[PDB]
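# Survey of secondary and tertiary structure
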Amino acid sequence: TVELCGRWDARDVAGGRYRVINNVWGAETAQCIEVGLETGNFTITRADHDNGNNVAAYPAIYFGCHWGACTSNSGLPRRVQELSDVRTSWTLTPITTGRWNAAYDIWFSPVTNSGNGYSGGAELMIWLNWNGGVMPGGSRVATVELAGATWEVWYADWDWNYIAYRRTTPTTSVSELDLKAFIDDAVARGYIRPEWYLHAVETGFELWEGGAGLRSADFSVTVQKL
Ligand SMILES: OC[C@H]1O[C@@H](O[C@H]2[C@H](O)[C@@H](O)[C@H](O[C@H]3[C@H](O)[C@@H](O)[C@H](O)O[C@@H]3CO)O[C@@H]2CO)[C@H](O)[C@@H](O)[C@@H]1O
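Rules used throughout
Residue numbers count from 1 along every chain, following the sequence as written rather than necessarily the entry numbering; any residue without coordinates is not displayed. Hydrogens and water molecules were not included; the side-chain quantities draw on all heavy atoms of the structure. Helical segments are the DSSP runs of H or I of at least four residues, strand segments are the runs of E of at least two, and each set is numbered from the N terminus. Only C-alpha atoms enter the radius of gyration, while the globule expectation follows 2.2 Å times N to the 0.38, with N the number of residues. Burial status follows relative accessibility: with a 1.4 Å probe on protein chains alone, a residue under 20% of its type maximum counts as buried, one over 50% as exposed, and anything between as partly exposed. Any residue with a non-hydrogen atom lying within 4 Å of a molecule or strand is treated as near it. Nitrogen and oxygen atoms within 3.5 Å of one another constitute a polar contact, given that in protein one can donate a hydrogen and the other can accept it, and given that sequence-neighbouring residues count only through two side-chain atoms. Here the open area of atoms and residues is found with the Shrake-Rupley method and a 1.4 Å probe, where only the protein chains shown may cover a residue. A pocket, in this scheme, is an open set of points on a 1 Å grid over the protein atoms alone with protein on both sides within 12 Å along at least 5 of 7 lines, while a cavity is a set where a 1.4 Å probe fits but cannot get out; residues line either one if an atom lies within 4 Å of a point. Each molecule is checked against the cavity or pocket grid, and it sits inside if more than half of its atoms lie within 2 Å of the grid points. Here the nonpolar group is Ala, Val, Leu, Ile, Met, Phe, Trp, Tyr, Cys and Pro; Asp, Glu, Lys and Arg are the charged ones; every other residue, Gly included, is treated as polar. For this analysis, a salt bridge means a side-chain nitrogen from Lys or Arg found within 4 Å of a carboxyl oxygen belonging to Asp or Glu. At least two bridges found by DSSP between two strands are what make those strands a pair. To get an axis, a line is fitted to the C-alpha atoms, and for a helix only the part in contact is used. The angle between two axes follows their N-to-C directions and goes from 0 to 180 degrees. Here is the rule: rings of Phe, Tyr and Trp (six-membered ring for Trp) pair when centre to centre is within 6.5 Å. Planes less than 30 degrees apart are stacked, more than 60 are edge-to-face, and the remainder are tilted.

As recorded in the PDB header, X-ray crystallography is the method behind this entry, and the stated resolution is 2.15 Å.

Quick look at the structure:
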């Protein structure tokens, strides 16, 4: 494996299909992750974070295009209305300390260029596990049954629509989770427009405080067009 401690360190994995990023975007506190280059599996080996109410980092693995950097032949970006199926699998190892979450982060925007972010788009999160009392952004607007589980729907109207689905009870893994189900729900709520593009499907850990010991494994994402 290889260790990445750099703030914006990254590594292509799984033959280029996915990409792992240390992504310490909100703090100067140290953070390293040990990455398996074939699977993209990684363990947070070090996290000195103590960022209070603000996220310090989001080490993650993704499929598609993150701020312009795209994985290989992801078939993304692609219009929501042109998607017929979107699936993902993941296995996380929680810890008992720190303030963090284990969740998907999925980006959408009206344009195909993501080099400058997703302003005017949407950010769809799916929280599977957490600790330290951390909470989603915005406020809970509903609780709905989707893709085999029940989720609290949190919404925040920022520069882009922030929609977070928080499982009513924590879990440590999903196998072929029907991501299109969450996407359709956000569209029905008018939080995501069908014309918008799906840019990337990512999962990892939003870290506020600590985080060492968390592990991301068995990542998989597939997208089927109409
Ligand atoms: O690396 C390229 C660009 O990265 C930008 O940082 C972003 C992170 O890459 C991204 O993971 C993070 O996503 C946040 C989201 O903003 C927040 O609303 C949500 O609650 O949590 C997500 C995961 O923690 O967003 C940041 C910034 O939006 C840099 O800002 C940019 O300079 C850099 O080019």
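### Some thoughts on the overall build of the protein
For the protein, the helix and strand inventory stands at 1 helix and 17 strands. Relative to the compact-globule value of 17 Å for 226 residues, the protein shows a C-alpha radius of gyration of 16 Å, a close match. Dimensions of the protein, computed from the C-alpha atoms along their principal axes, are close to 40 × 35 × 30 Å. Going through the 226 residues of the protein one by one, you find that 55% of them count as buried.

### Notes on the site of the ligand
The full set close to the ligand counts 14 residues, and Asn-23, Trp-25, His-66, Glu-123 and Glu-206 are the nearest of them. One of the side-chain N or O atoms of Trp-25 is found 3.1 Å from an oxygen atom in the ligand. Interatomic distance of 2.5 Å between a side-chain N/O atom of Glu-206 and an oxygen atom of the ligand. For the ligand, whose accessible area on its own is 640 Å², the fraction buried by protein is 70%. Among the detected pockets, the ligand sits in the largest pocket. In terms of residue class, the shell around the ligand is built from 9 nonpolar, 2 polar and 3 charged.

### A closer look at the pattern of salt bridges
With the rule as written, the count across this model stands at 9 salt bridges. Among the ionic pairs, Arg-87 bridges to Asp-178, the shortest N-O distance being 3.9 Å. Here the residue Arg-87 occupies a position in strand β9 (residues 83-93), and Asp-178 occupies one in strand β15 (residues 173-178), the gap between them amounting to 91 residues. Note that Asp-185 and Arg-189 form a salt bridge whose closest N and O atoms lie 2.6 Å from each other. With relative accessibility at 12%, the residue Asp-185 sits in the buried group. When salt bridges that share partners are traced, they join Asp-85, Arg-87 and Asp-178 into one network.

### A short note on the sheet that holds strand β17 (residues 215-225)
Spatial ordering of the open sheet is given by β1-β4-β5-β17-β9-β15, a layout of 6 strands whose pairing is antiparallel. With partners counted over all chains shown, the strands left at the sheet margins are β1 (2-4) and β15, one partner each. Sheet twist, expressed as the mean angle between neighbouring strand axes with direction ignored, is 20°. Bridge count between β1 and strand β4 (residues 31-35): 3 bridges; the pairing is antiparallel. Directly across from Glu-3, in β4, lies its bridge partner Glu-34.

### What to know about the packing of aromatic side chains
Under the defined criterion, the tally for this structure stands at 16 aromatic pairs. Consider the rings of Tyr-18 and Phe-63, whose centres lie 5.8 Å apart with planes at 55°: the pair is tilted. On the criterion of sequence distance, the pair formed by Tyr-18 in strand β3 (residues 18-21) and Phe-63 in strand β6 (residues 60-66) is long-range, its members being 45 residues apart. With relative accessibility at 5%, the residue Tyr-18 sits in the buried group. Here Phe-63 falls in the buried class, since its relative accessible area comes to 1%. Relative to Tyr-118, the ring of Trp-67 lies with its centre 4.9 Å away and its plane at 90°, an arrangement referred to as edge-to-face.

### A short note on the pairing of strand β10 (residues 99-109)
Of all the 11 residues making up β10, 11 are buried; the element is thus mostly covered by neighbouring parts of the structure. Side chains of β10 alternate between two faces, with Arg-99, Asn-101, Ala-103, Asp-105, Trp-107 and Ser-109 and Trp-100, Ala-102, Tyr-104, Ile-106 and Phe-108 buried alike. The sheet contact formed by β10 and strand β16 (residues 197-209) spans 11 bridges and is antiparallel. Its bridge partner being in β16, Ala-102 is matched across the sheet by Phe-205.

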